[PDB]
There are 2 protein chains.
Amino acid sequence: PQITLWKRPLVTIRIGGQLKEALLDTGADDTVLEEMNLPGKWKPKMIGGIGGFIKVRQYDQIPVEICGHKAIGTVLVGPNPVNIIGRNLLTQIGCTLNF
Amino acid sequence: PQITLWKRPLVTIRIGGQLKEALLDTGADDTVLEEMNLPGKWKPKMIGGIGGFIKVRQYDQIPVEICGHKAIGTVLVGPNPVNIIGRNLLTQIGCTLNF
Ligand SMILES: CC(C)(C)NC(=O)[C@@H]1C[C@@H]2CCCC[C@@H]2CN1C[C@@H](O)[C@H](Cc1ccccc1)NC(=O)[C@H](CC(N)=O)NC(=O)c1ccc2ccccc2n1
């Protein structure tokens, strides 16, 4: 699709069998989801944003389906008001910015 | 142009006639700049993201040219390490996400 930015670019994703709403975020290096259970091992990590750093759980090689397009990559899980799909998965689905 | 997401989408902007590097950021509602002492009135504002809220200075109707595409709007000045161009200006330059 082509998505404009008059509203937040929120889309539906599927992960671990569940549907969620997530923000397509070109400013985010990483994908950060709200606290949730995901299968498999995770590693404690920290990541930083506009307000400072938080602790997250790092899950590797997690399948995520984003508007029907498939990605498999690192998903971080931690305290967050919005699910954010970052460049690590946006690149996998061939997402670009155009103007 | 088309900006891919293999690296951070950093581009040149012009503000106050001077050139800066800034992140095209579809996950940002607002445009938030590194510390700079713009003339004129401003208002305090709180903005948040991962890690919490920060205090910023809000300046209105500031011209910002993004890769030669002119915009004008609100800019917030804060302690962040990178300038971010958010949807308030991305919409003005006709920027879309495409995949
Ligand atoms: C998500 C990770 C941590 C991987 N990346 C970022 O947060 C990066 C960090 C760099 C470096 C520091 C300066 C900021 C940049 C860019 N961000 C990415 C952003 O796109 C970031 C993503 C985000 C969106 C929503 C919540 C949390 C993170 N956007 C913001 O921080 C902006 C700042 C702003 N006011 O423009 N935020 C929001 O747009 C926003 C919308 C709604 C909302 C609701 C409740 C609480 C906060 C909040 N923030």
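Here are the numbers:
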quantity: All positions within segment A:47-60 that are more than 10 Å from the ligand (Cβ to nearest atom) and either over 17 Å from A:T74 (Cβ atoms) or within 11 Å of chain B (Cβ to nearest Cβ) (or both); calculated: A:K55
quantity: Selection from segment A:1-46 of residues that are farther than 21 Å from A:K70 by Cα and within 14 Å of another protein chain (Cβ to nearest Cβ); calculated: A:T4, A:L5, A:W6, A:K7, A:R8, A:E35, A:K45, A:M46
quantity: Residue among A:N83, A:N98 that is surrounded by 14 or more Cβ atoms within 10 Å (Cβ to Cβ) and either away from the ligand (no atom under 16 Å from the Cβ) or at negative phi (or both); calculated: A:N83
quantity: Residue check, B:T91 among the β-branched types (V, I, T) and exposed (fewer than 13 other Cβ atoms within 10 Å of the Cβ); calculated: no
quantity: First in segment B:83-99 and at the interface with chain A (Cβ under 7 Å from one of its Cβ atoms), second anywhere and among the charged types (D, E, K, R) and in a helix (DSSP H, G or I), Cβ under 7 Å, 6 or more apart; calculated: none
quantity: Residue in segment B:12-35 that is part of a loop (DSSP other than H, G, I, E, B), touching a helix residue (DSSP H, G or I) at 6+ places or on another chain (Cβ under 7 Å) and surrounded by fewer than 19 Cβ atoms within 10 Å (Cβ to Cβ) present; calculated: yes
quantity: Which listed residue is touching a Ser or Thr at 6+ places or on another chain (Cβ under 7 Å) and either farther than 26 Å from B:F53 by Cβ or more than 10 Å from the ligand (Cβ to nearest atom) (or both), from A:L10, A:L19, A:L38; calculated: A:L19
quantity: Failed criterion for B:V32 (all others in (1) touching a residue at least 24 places away in the same chain (Cβ under 8 Å); (2) over 24 Å from A:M46 (Cβ atoms); (3) not charged (D, E, K, R) hold); calculated: (2)
quantity: Residue list for segment B:52-74, restricted to those being buried (at least 16 other Cβ atoms within 10 Å of the Cβ) and over 14 Å from the mean Cα position of the chain (by Cα); calculated: B:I54
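Table: residues versus (1) under 10 Å from the mean Cα position of the chain (by Cα); (2) part of a strand (DSSP E or B).
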| position | (1), (2) |
| --- | --- |
| B:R8 | no, no |
| B:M46 | no, yes |
| B:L76 | yes, yes |
| B:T91 | no, no |
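We did not get these values from a lab; they are worked out from the coordinates using the rules stated. Quick reminder, even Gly has a Cβ in these numbers, built from the backbone with ideal geometry, and neighbours come from all protein chains shown.
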